[PDB]
Amino acid sequence: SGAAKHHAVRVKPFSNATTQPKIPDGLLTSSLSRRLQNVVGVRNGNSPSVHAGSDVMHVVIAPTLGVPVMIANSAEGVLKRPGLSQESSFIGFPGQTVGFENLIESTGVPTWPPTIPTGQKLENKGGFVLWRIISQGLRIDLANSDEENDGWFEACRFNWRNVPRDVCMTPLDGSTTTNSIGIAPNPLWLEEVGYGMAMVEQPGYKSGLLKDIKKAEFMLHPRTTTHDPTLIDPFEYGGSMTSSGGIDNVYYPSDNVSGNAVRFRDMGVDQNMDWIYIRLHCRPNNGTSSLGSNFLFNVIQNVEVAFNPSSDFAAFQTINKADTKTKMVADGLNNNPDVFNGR
Amino acid sequence: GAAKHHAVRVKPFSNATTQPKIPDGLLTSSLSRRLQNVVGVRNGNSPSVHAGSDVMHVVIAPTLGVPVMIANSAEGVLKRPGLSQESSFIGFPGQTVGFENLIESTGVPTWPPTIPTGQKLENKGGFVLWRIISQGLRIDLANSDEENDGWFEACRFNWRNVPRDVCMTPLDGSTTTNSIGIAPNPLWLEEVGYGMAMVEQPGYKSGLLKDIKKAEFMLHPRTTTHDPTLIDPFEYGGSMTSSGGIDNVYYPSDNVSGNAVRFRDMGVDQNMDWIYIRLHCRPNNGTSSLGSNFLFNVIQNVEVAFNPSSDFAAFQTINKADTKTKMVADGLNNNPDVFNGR
Amino acid sequence: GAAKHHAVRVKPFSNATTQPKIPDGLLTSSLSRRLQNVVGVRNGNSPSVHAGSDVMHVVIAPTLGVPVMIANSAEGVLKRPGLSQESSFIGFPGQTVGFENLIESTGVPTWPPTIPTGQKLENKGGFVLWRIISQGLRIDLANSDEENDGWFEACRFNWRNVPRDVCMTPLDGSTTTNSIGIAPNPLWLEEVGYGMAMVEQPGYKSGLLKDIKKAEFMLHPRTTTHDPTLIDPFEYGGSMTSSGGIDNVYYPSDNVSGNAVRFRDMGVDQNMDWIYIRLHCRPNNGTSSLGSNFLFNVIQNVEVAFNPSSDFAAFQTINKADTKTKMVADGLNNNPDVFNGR
Amino acid sequence: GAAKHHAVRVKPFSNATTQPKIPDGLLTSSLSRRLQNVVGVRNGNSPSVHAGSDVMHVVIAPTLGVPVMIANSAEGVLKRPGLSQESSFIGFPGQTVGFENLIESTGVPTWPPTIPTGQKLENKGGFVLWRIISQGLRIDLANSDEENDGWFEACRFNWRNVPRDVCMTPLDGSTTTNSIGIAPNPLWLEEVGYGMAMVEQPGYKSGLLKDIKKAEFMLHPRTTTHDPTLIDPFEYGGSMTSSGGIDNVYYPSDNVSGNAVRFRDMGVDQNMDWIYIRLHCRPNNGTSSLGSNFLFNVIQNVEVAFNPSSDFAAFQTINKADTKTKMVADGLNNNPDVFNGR
Amino acid sequence: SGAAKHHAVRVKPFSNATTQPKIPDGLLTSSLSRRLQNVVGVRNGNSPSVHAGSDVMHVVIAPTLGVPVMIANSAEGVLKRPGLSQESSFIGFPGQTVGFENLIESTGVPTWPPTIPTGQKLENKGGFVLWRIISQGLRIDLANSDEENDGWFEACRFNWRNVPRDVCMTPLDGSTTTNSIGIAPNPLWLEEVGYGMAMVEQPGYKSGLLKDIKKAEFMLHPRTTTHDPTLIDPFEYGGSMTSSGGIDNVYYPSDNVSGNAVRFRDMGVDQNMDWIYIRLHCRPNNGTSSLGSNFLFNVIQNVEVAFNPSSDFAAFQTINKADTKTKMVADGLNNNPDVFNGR
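### Describing the overall build of chain A
Helix and strand counts for chain A stand at 5 helices and 20 strands. On C-alpha atoms alone, chain A measures out to a radius of gyration of 20 Å, which is about the 20 Å that the 2.2 N^0.38 rule sets for 343 residues. Seen through its C-alpha atoms, chain A measures out along the principal axes to roughly 55 × 50 × 30 Å. Within chain A, the fraction of its 343 residues that count as buried is 67%. Considering only contacts in chain A between residues 6 or more positions apart, those separated by 24 or more positions represent 78%. Per element, the accessible surface of chain A, about 10200 Å² overall, is 50% carbon and sulfur. Counting 29 positive and 33 negative side-chain charges, chain A places the centres of these two groups 7 Å from one another.

### Regarding the interface of chain B and chain A
When the parts of a complex come together, some accessible area is lost, and that lost area is often used as the size of the interface. Across the contact, 26 residues belong to chain B and 28 residues belong to chain A. The largest share of the area that chain B buries against chain A comes from B:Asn158, B:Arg222 and B:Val256, three residues that together contribute 28% of it. Here chain B is connected to chain A by 1 salt bridge. Between B:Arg264 and A:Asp233 there is a salt bridge, with its nearest N and O atoms 3.0 Å apart. Counting across the interface, chain B meets chain A through 8 residue pairs in polar contact. Contributing elements (two or more residues each) for the side of chain B that touches chain A: α4 (258-267) and α5 (325-333) of chain B. Looking at the side of chain B that touches chain A residue by residue, the class counts come to 10 nonpolar, 11 polar and 5 charged.

### A look at the pattern of salt bridges
Opposite charge on two side chains lets them pair, provided their charged atoms get close. The full count for this structure, using the stated rule, is 78 salt bridges over all chains. Ionic pairing is found between A:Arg34 and D:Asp311, a salt bridge with its closest N-O pair at 3.1 Å. Of this pair, A:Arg34 sits in strand β1 (residues 30-43) while D:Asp311 sits in the loop between β18 (293-306) and β19 (317-318), which puts the two residues in different chains. For A:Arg34, a relative accessible area of 11% gives the class buried. For D:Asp311, a relative accessible area of 33% corresponds to the partly exposed category. When the shortest N-O distance is used, the salt bridge between C:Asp265 and C:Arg264 registers 2.9 Å. When its relative accessible area of 29% is taken as the criterion, C:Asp265 is described as partly exposed. Relative accessible area serves as the criterion here: at 0%, C:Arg264 is assigned to the buried category. Residues participating in the shared-partner salt-bridge network are A:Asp25, A:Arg132 and A:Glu304.

### Overview of the interface of chain C and chain E
Facing the 13 residues of chain C at the interface are 13 residues of chain E. The contact between chain C and chain E buries some 1100 Å² in all, and 53% of this surface belongs to carbon and sulfur atoms. Taken as a group, C:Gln19, C:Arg33 and C:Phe315 account for 47% of the area that chain C buries against chain E, more than any other trio of residues on that side. Applying the counting rule to chain C against chain E returns 2 salt bridges. Counting the contacts that link chain C with chain E gives 7 residue pairs in polar contact. Considering every element that reaches the side of chain C that touches chain E, the biggest residue donor is strand β1 (residues 29-42) of chain C, with 3 residues.

### Considerations on the pairing of strand β7 (residues 127-141) of chain C
Residues and elements named next belong to chain C. For β7, a buried count of 13 out of 15 residues is recorded, marking the element as mostly surrounded by other parts of the structure. Examined bridge by bridge, β7 and strand β13 (residues 229-230) share 2 bridges and lie antiparallel to one another. Following the sheet pairing, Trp130 is matched in β13 by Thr229. Pairing of β7 with strand β12 (residues 215-218), which is carried by 2 bridges, proceeds in the antiparallel orientation. Note on β12: the bridge partner recorded for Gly136 is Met218.

### Some thoughts on the sheet that holds strand β3 (residues 68-71) of chain C
All names here are of chain C. The strand order across the open sheet formed by 6 strands is β4-β3-β2-β17-β8-β11, and the pairing between neighbours is antiparallel. Two strands bound the open sheet, and with one partner strand each, they are β4 (87-90) and β11 (205-208). Adjacent strand axes in the sheet meet at a mean angle of 15° when their direction is disregarded. Bridge analysis of strand β8 (residues 151-157) against β11 gives 4 bridges, and the strand direction is antiparallel. Within the sheet, the bridge partner assigned to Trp151 lies in β11 and is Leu208.

### A few points about the side chain of C:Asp269
All names here are of chain C. Mapped onto the secondary structure, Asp269 falls in the loop between α4 (258-267) and β17 (274-280). There is a polar contact of 3.1 Å between the side chain of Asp269 and the backbone nitrogen of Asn271. Residues within four places of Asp269 in sequence aside, it is in contact with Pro62, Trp130, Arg131, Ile132, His226 and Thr229.

### Focus: the environment of C:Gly76
Residues and elements named next belong to chain C. On the secondary structure map, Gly76 appears in helix α2 (residues 74-79). Residue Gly76 is classed as buried on the basis of its relative accessible area of 0%. Between the alpha carbons of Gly76 and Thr287 there is a distance of 17 Å; along the sequence they are 211 residues apart. What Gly76 contacts, discounting residues up to four positions off in sequence, is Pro81, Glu86, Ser87 and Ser88.

### Examining a negative patch on the surface
On the surface, B:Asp145, B:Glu146, B:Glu147, D:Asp145 and D:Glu146 cluster together into a negatively charged patch. With respect to the element layout, D:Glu146 can be found in the loop between β7 (127-141) and β8 (151-157). Taking relative accessible area as the criterion, D:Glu146 reaches 49% and is therefore assigned partly exposed.

### Things to note about the packing of aromatic side chains
What the rule picks out here adds up to 74 aromatic pairs over all chains. Consider the rings of A:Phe235 and A:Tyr237, whose centres lie 5.7 Å apart with planes at 40°: the pair is tilted. Arranged with centres 5.5 Å apart and planes meeting at 50°, the rings of E:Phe153 and E:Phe340 form a pair that is tilted. Separated by 187 residues along the polypeptide, E:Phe153 in strand β8 (residues 152-158) and E:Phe340 in strand β20 (residues 340-342) bring together distant segments of the chain. E:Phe340 shares its class with E:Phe153; the two are buried.

### Here's the deal with helix α5 (residues 326-334) of chain E
Residue and element names in this part refer to chain E. Within α5, burial applies to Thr326, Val329, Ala330 and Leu333. Looking straight down α5, one finds that the buried residues subtend no more than 95° of arc, so they occupy a single side. Opposite the buried face of α5, at more than 90 degrees from it, the exposed residues are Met328 and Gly332.

### Some thoughts on α4(C)
With respect to burial, α4(C) is a largely interior element, 8 of its 10 residues being buried. Taken as a whole, α4(C) has its buried residues at C:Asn259, C:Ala260, C:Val261, C:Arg262, C:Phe263, C:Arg264, C:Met266 and C:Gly267.

### Concerning the sheet that holds strand β11 (residues 206-209) of chain A
Residue and element names in this part refer to chain A. Reading across from one edge, β4-β3-β2-β17-β8-β11 is the order of the 6 strands in this open sheet, with antiparallel pairing throughout. The sheet terminates laterally at β4 (88-91) and β11, the two strands that pair on one side only. The mean angle between the axes of side-by-side strands here comes to 15°, regardless of whether they run parallel or antiparallel.

### With respect to the environment of D:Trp274
All names here are of chain D. With respect to the helices and strands, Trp274 occurs in strand β17 (residues 274-280). For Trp274, a relative accessible area of 0% translates into the label buried. Expressed as a C-alpha distance, the spacing of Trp274 and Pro184, which sit 90 residues apart in the sequence, is 9.6 Å.

### Overview of the pairing of strand β2 (residues 55-60) of chain D
Residues and elements named next belong to chain D. The buried fraction of β2 amounts to 6 of the 6 residues, a majority that puts the element mostly inside the structure. Here β2 shows a buried face lined by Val55, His57 and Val59 and a second buried face lined by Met56, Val58 and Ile60. When β2 meets β17, the two strands line up antiparallel, connected through 6 bridges. When the bridges of β17 are listed, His57 appears paired with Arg278. Bridge count for β2 against strand β3 (residues 68-71) is 4 bridges, and the pairing is antiparallel. The residue bridging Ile60 from the neighbouring strand is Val68, located in β3.

Rules used throughout
- Residues numbered from 1 in each chain as written, not as in the entry; some residues may be left out.
- Chains lettered and ligands numbered in written order.
- Part of a larger assembly, values for the part shown.
- Heavy atoms only, no water.
- Helix = DSSP H or I, 4+ residues; strand = E, 2+ residues; numbered from the N terminus.
- Rg over C-alpha atoms; globule rule 2.2 N^0.38 Å.
- Buried < 20%, exposed > 50% of the residue type's maximum accessible area, 1.4 Å probe, protein only.
- Contact = heavy atoms within 4.5 Å.
- Areas by Shrake-Rupley, 256 points an atom, 1.4 Å probe, with all protein chains shown as cover.
- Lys, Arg positive; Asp, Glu negative; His and termini not counted.
- Charge placed at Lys NZ, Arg CZ, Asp CG, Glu CD.
- Buried area = accessible area lost by both parts, 1.4 Å probe.
- Salt bridge = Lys/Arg side-chain N within 4 Å of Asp/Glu carboxyl O.
- Polar contact = N/O pair within 3.5 Å; in protein donor to acceptor, adjacent residues only side chain to side chain.
- Nonpolar A, V, L, I, M, F, W, Y, C, P; charged D, E, K, R; others polar.
- Pairing = 2+ DSSP bridges.
- Axes fitted to C-alpha atoms, helices over the stretch in contact; angles between N-to-C directions.
- Patch = residues over 30% accessible without salt bridge, like charges linked within 9 Å, V, L, I, M, F, W, Y side chains within 5 Å.
- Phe/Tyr/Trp six-rings, centres within 6.5 Å; stacked < 30°, edge-to-face > 60°.
- Arc of directions from axis to C-beta.

Given below as structure tokens:
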């Protein structure tokens, strides 16, 4: 049937079954989908202070809108965020429908970084307010030569604590300056949960060699029950959002109890999905004799949205027909807690 | 009888039962009311706001109490001159649903609200959880064969969910009664509706006004579970505003306050889509052409869970889940056509 | 496999499994705890508030940690004299659930809260998502056969959903311990309970106190997806309040603040209904006649999704969806009878 | 799977799918858009060109973006007085297709073109290959029943294929907007249309204007492979021309230049035929009798192959060949009747 | 049936069949289980005296409670235990239910290292006294690059001689200082049995290359007969326990004939299981031109316990139902003496 391609994309995020996947449950009567993808080379960094004497690169793949991947202790992170935000780098989906634009609220002039405490406005540029994740996957390949392919990795999926300050907003293209913004997992989660986490005790935890990580594939799991959409609400902020104050330009709620913090958390995250945390114990990188482990990151976030009539995409929307196999497809998918499976 | 419930679900004006429900077993004890109103509507002769324009703009939204807003209406021109797009509203007065505005400190009922003084929007329905079983609109042109020209175009759409797109106004369509309901805000036309490319929306249709009596407009639900809407307590000051004139149409001052989002959530069944209609009517200039006369028949079938303090709580019955509910919903919403035959 | 889960769903006190679930596959990885408590309750001898009254008022609510509130109990009269309707609370101390009040600036645990100074209600469970698999109360008249007179009446109702109808108090029923849960507020009796004509409510039943040992009260879930509740971070200054006395029962200071709605949403499983019970007991004069003594047995089967930091995360198991879940829920909630044969 | 595609093929206004295709597997990766427009058209009141004439001449052509040209319409009389036969154009503004006139040396967009200075007609779609899945026109007499008199006649014909029979004008029907499409040139009426004895043409039909609401005009494709059209880069100086007036209707200055043939080939899907319609309307004297007012509804379902630079490239889907394509096309084109029952 | 997951964990210690495995024989009427796991990077050390001129790392995986793995001649062992206790390192299960706490008996104040000869008390902190091993496995992966993956290994399982001084107590987390204690195989076993053992003569002995050890999986074998639980008895000691006197803080019975020695041996070891001894003939490590072989150790000990009513875990206990396939599952498992099998 026609739902076969949708189910295939549901269980295999990188599947080539269809360019316009859907969750065939009939929730979004008329909707369109985009397969957001990005491929980036990532290398563990040589940090002077924050990750001094550490060859561990920390990866969080989260169901956030636009910037699902956060990497701490990457060379790009050390370059772009020196000593700030855990020297992290972000992989997002620039030049694709989703995203926001920061404006000065009083005048409407786009502005990045935000000039807080002055009033700001995150303008939703996607032409949609309801969105959900069909499936989200990450593929990591060790791109070093055979004489430098040493190291290992550990990974586990987990139930996120839903703390507003665990998510942040950063440019979709991974820079610190472009005013096309997405929602990313905050590096603050690493130093409050991630670094101290007892990974081995999490169900589904797995480990392996970096030279074999190219055979692994990490994907988030949805619920077996109906996958409710996330509603993007209007968002304006003054001092209710904050950053480290440095050139990293990673902004997150100033606290966890304000109404803005909860609104930001709810609108920026698909809370039907789980999170995955990966530690890459890489080849050392000191810049003189060891130059770290270079990786190939391939992240795909399949998203279904309901476009509003003002959008030019509203003409392309198609009908979402409910299928009888959707629930059992999802249950079969999420009945295995293994953090990764073979490609 | 699940068959009668399904019949009402797919045909809002069906007479299968007087107590329809969504037979999914979500609300354990509940009671439903089929809110209805019949109103005559004519495109207005506005001096400035719609000067020279023969288009009457109709929005049918899944709001509690006042589903229909009509801009460039003769009633709108008379009641709300030069304000709120000279709109008129069709609601459900004298039926259980509704609110009453009070001055919060003293408790004195007060309409229009005395902003910035603290106000309270008291829920008078005796319920806090509500949902829409089905909503329908029927329009008939009431002109003679010598005056029955014109055409219409309509489409359903996914609403952008902006708090200022909804407003609160008297249920009976007046500006003073103080039996308030939630309506689509005429400000939606100024920002989305007027400049909207209707022809590009899926399910868009057009037709002649003389043939609109054979059409029927209904909102479409989701195929999945139809979650109910919760009415929260509502007190406000400067967080709500209006045009400041005698139109007495009030709405959130901005789109970002907590009150704005609470108002949006509680006033709208966000499981249902919206429909927009443009009526290209006979000109109404006041001297040589006197417009198109319409009969509007709007029905909103609502299911609520009454609280024990209500004088309707004793009449609640059980909601029994039926197997065919999802199939009925999917069959209903699989066709995006804005209207069908009656 | 899922038969034990269904058994616990329909029978809260069933011995089928120590780790029940709602087998719908909603929480992929989750663990469950069967929160239970057995207490002895007798009607009190109030000097002023319930002076001369022989009625104990019991509310069974789907609140996290302290589901039962008893007004005009001996323990209520002793611990909370002339305050909060001299009510007692039955909670689940020493088990996983609960909060801890802190001074926000320093993090030092502190009970009672030092209003209006900034307080933080730290969630001490390792979970943020929780839902009630099933909740039930058993009441046993422990009086001698010679003193078995009296009668009771009960009803289930759709809850007002007002923030001030819920409160926070120590889990162990005291006023001093800094392990806090969420309880139905005795203010609900003042506003709704006392003035309710219970006999009119659907599913209302009455019986003799000597036959209450054969009855079982249990809340009714929905037939649709039992969506979980999210515990949000909570910090309060003047947004919470109390009677000002030593009863230390704290609740939102109004029904409209952001904290009020957050508290109400996070503390209550809104997929369940509430139960109100009136116990008409033997009089308690304090010296010679000690009224009626009961055995209260309340069980709240809760499913939670533990976060990584929790030591319980290692024990979580996979929730597999079962085909009979909807049928079981609908069969359970299709009967509005407030109690069924034990 | 392909049933929806066949439905759109035989019924241009069908609601089967928002992304139709010709399922022949010609374009491996492609996306489709259903270009539609609904306009009100009434016969004009010309001072000189159509002075005293009640006939509107309508050409439905397979031109990219502006398929319909109406001569002697009120809008034509207003926008293009005494020029280009006082014609109106119905195009598809704001949708993907269209061009932009530039000054060739600087690249600055400029409309009208500054002949004889070098101009460039930049293709603003992200595609170079395009073909028409199906094209149809619906005409509705919007006059009152009292004023429903008049008749119409129509025929389909094999097109001359002369470059000056096509022109470029703004997509939105204006004379000033710099979003350009390809339209049938009103010069074709002067050379062919006006002097045509329509009654002799095969498939010719006539009817009453009051019954045109029951008719549907659609172009007929071939039964063989529907080969796509290629949009070539186009730069022109004196090779294009206009009447010299404010109507801004531009067409090749002769029929033999390389640019003339390139323009003709790239702007027209030559696998389709054309349709000529004569509407004999009520007279329009400009003050008391306003002639006949129609509702024009034209849909052009187009399949394109987007190039990598386009943002639409990500949305392209695989065109799978179907066994029923040839049968569907042959069944469609085997009937030369100019219109069929709506 | 439901016993399928239990049998799967019985035969595959790293199986993801269930998070709460059991031995479905109906011995422990009401019980709860924990899957104790730890993942540690291990490298053969460069010792100056004890393992001078030796590239052999000695691994013993024993059915001891909490610290099943002992590695001699590891870099961590050379660092933490210089010249003492065979320069060994231990992989245990910290932060998981099992373990002990050392106290001064007279005052009850926790104290590590013990201040012997003064009276000490090993306080059982698990909330249980009856325990048994469902299954125990070890996975070793060579984490060197392809230009440093030289070496080989040999392994054999054996029947332990049950000498009390062959086991010891050491912190669960592998340090020498944390007061959360477990039971480990004593390095003294190596110099009395292990170093001189004729490994090739033991049935089931196998050998291979270090670059292929990642395909091997070592697991202990239980008896085919009923798996009796081990009872943890109260334990207090003065001079009946001893160490080398150095900063290694590895403590073991002072002799083999005291009542305390036998009690320690019986309570700390599941004597229904066999032992495995592995020799890793690693790449040389001299600190100037060869830096040894780096490994990834992944050890899992699946344990079933009966919690006492004072424990908070007593509420979570489930019923142990006897299954008809348990005996044949165990017999099929232990009928092959091969020291390792493919993963």
